[PDB]
């Protein structure tokens with residue numbers, strides 16, 4: 001939100017945490033909403 | 001015969017890990033498409049969600 | 001109220017510290033890029049060709065060497081607090097006739113913090129040096145730090161003990177000469193030795209023998225010994241004088257533990273040492289992500305200043321390094337346990 005990228009495909013983010021043990025994370029976050037328009041456009045024939 | 005510093009090893013680990021996360025995203029992304037045009041229904045359910 | 005009482009600077013309160021080891025023996029220092037850092041010691045032995053004339057051609061030469069060992073880690077981690085809420089009050093420094101802001105006072109206390117951290121660095125590194133030239137074996141252990149054992153390669157002839165049935169105690173304080181034992185112990189010294197460092201009390205019963213009396217034993221007796229003692233001032237190193245071909249050294253250096261003092265030497269011990277005994281100040285790599293970011297993993301020391309977010313704004317001071325004090329040849333000293 002601080003960079004105004006509230007909408008995006010993906011979201012990389014690298015960041016190091018302080019403290020007596022030091023260590024850094026690389027992060028990916030996104031909100032996949034994979035959808036298709038018309039369900040009846042395909043017929044799922046379960047073969048046998 | 002030719003080593004490096006753990007720093008560039010850390011760079012290698014970072015690049016590899018980025019590659020793995022990108023691959024995991026690309027792979028999990030097809031799950032919803034598979035459900036959608038495999039049944040016309042889909043289940044977005046899993047732990048921490 | 002109105003006081004106007006000029007009070008100048010206060011005490012300093014430095015107890016004692018004289019390394020004499022990390023200032024005389026370990027003059028070599030090498031950072032690490034790998035955990036497995038190697039050091040070889042060739043056991044060379046070549047004879048002659050006594051009778052061979054250029055008609056009786058015989059044996060050919062043979063190569064020598066092939067002994068090496070490694071010891072990885074080294075470490076230290078002295079972090080301390082910044083105390084942001086106590087920067088308002090004045091220190092024992094910052095005279096009441098001239099005060100200043102707590103922000104620059106924060107800078108001064110940060111200088112104090114880093115200085116005290118380096119004090120701890122010295123006090124711990126000197127214990128490693130004590131292990132090194134005290135046994136030929138070194139054990140770096142503690143809490144949040146697994147034990148690390150380094151058998152430097154010291155031979156048991158270098159771990160002589162006076163213990164027996166005559167050691168020094170029940171000899172003659174007036175006529176007995178301890179020189180014979182001195183040469184006996186210097187025999188298996190793997191080279192010429194010229195420094196015989198004593199304990200603060202180990203030299204007490206040593207000089208109890210009157211065979212020490214006739215020795216030079218002058219405050220102006222040597223050349224390297226005097227300058228070494230001078231640059232090692234602190235009234236913890238006492239170069240007594242010359243013992244003929246060797247010099248009398250009495251080392252009484254100390255370090256603070258958590259809160260208590262301790263002498264770097266035991267009560268009754270002595271070392272057969274050479275002035276050119278070469279040692280290592282070799283350093284490891286920093287096990288911190290921040291250091292790797294600029295690739296400063298390989299370094300002697302590693303300062304760091306940082307601050308945490310949130311409602312309590314807390315700054316901190318940090319030093320990381322991996323001290324791995326070592327020696328080229330442990331056999332050059334002989335740790336005689338005096339008794």
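Neighbour counts run over all protein chains shown; Cβ positions are idealised from the backbone, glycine included. What follows is calculated from the coordinates using simple rules that are stated; it is not laboratory data.
Give me the Å³ per residue figure for the convex hull around the C-alpha atoms of chain B. Don't jump to the answer; show the numbers that get you there.
Values: hull volume 5.2 nm³, N = 49.
Hull volume over Cα atoms, normalised by residue count, gives 106 Å³.
Treat segment C:1-146 as a sphere of radius equal to its Kirkwood radius over Cα pairs and apply Stokes-Einstein at 20 °C in a medium of 1.002 mPa s; give the translational diffusion coefficient in µm²/s, rounded to a whole number.
98
Gaussian network model of chain C, Cα springs within a sub-10 Å range: biggest mean-square fluctuation belongs to which of C:59, C:214, C:225?
Looking only at C:59, C:214, C:225, the biggest GNM fluctuation is shown by C:59.
Could you state the angle between the C-alpha long axis of helix B:6-39 and the longest principal axis of the C-alpha atoms of chain B, as a value from 0 to 90 degrees rounded to the nearest 10?
Roughly 10 degrees between the two axes.
In units of 2.2 N^0.38 Å, what is the alpha-carbon radius of gyration of segment C:215-255?
That ratio works out to 1.11.
Indicate the gyration tensor shape class of segment C:168-219 (rounded, prolate or oblate), computed on the Cα atoms with a ≥ b ≥ c the square roots of the eigenvalues: a/c under 1.5 is rounded; otherwise a/b larger than b/c is prolate and the rest oblate.
Here segment C:168-219 falls in the prolate category.
Let me have the 222 nm mean residue ellipticity of the protein assembly as shown computed from DSSP H runs of 4+ only, each contributing -39500 (n - 2.57), with the sum over all residues rounded to the nearest 500.
-7500 deg cm²/dmol
Based on the alpha-carbon gyration tensor of segment C:245-307, what equivalent-ellipsoid semi-axes (square roots of 5 times the eigenvalues) come out, in whole Å, largest first?
Each semi-axis is √(5λ); the values are 37, 20, 8 Å.
Stretch residue C:81-residue C:230 to full length: gain in nm at 0.36 nm per residue minus the Cα-Cα span?
50.1 nm
Per residue and in Å³, how big is the convex hull formed by the alpha-carbon atoms of chain C?
Considering the Cα atoms of chain C, their hull volume per residue is 235 Å³.
Please report C:75, C:239 as a ranked list, fewest other C-beta atoms within 10 angstrom at the top and most at the bottom.
Exposure proxy ranking, most exposed first: C:75, C:239.
For segment C:278-332, taking Cα atoms only, what is the radius of gyration to one decimal and the Dmax to the nearest whole Å?
Every Cα atom of segment C:278-332 included, Rg and Dmax give 16.2, 58 Å.
More than 17 angstrom separation, counting every C-alpha pair in segment C:91-149; what % is that?
Working: 1011 of 1711 pairs.
Within segment C:91-149, distances greater than 17 Å cover 59 percent of Cα pairs.
For helix C:102-135, report the angle its Cα long axis makes with the longest principal axis of the Cα atoms of chain C; keep it between 0 and 90° and round to the nearest 10°.
Result, in degrees: 20.
Expressed as a rounded percentage, what relative contact order does chain C have, with Cα pairs under 8 Å and six or more residues apart?
29
How large is Rg/Rh for segment C:142-281, to two decimals, with Cα atoms and a Kirkwood Rh?
Rg divided by Rh gives 0.99.
Given the options C:20, C:45, C:280, state which has the largest fluctuation in a GNM of chain C using a 10 Å cut-off (strictly under) for Cα springs.
In this elastic network of chain C, the residue with the biggest mean-square fluctuation among C:20, C:45, C:280 is C:45.
Return the whole-Å distance between the Cα centroid of chain B and the Cα centroid of segment C:318-332.
After rounding, the separation between the Cα centres reads 44 Å.
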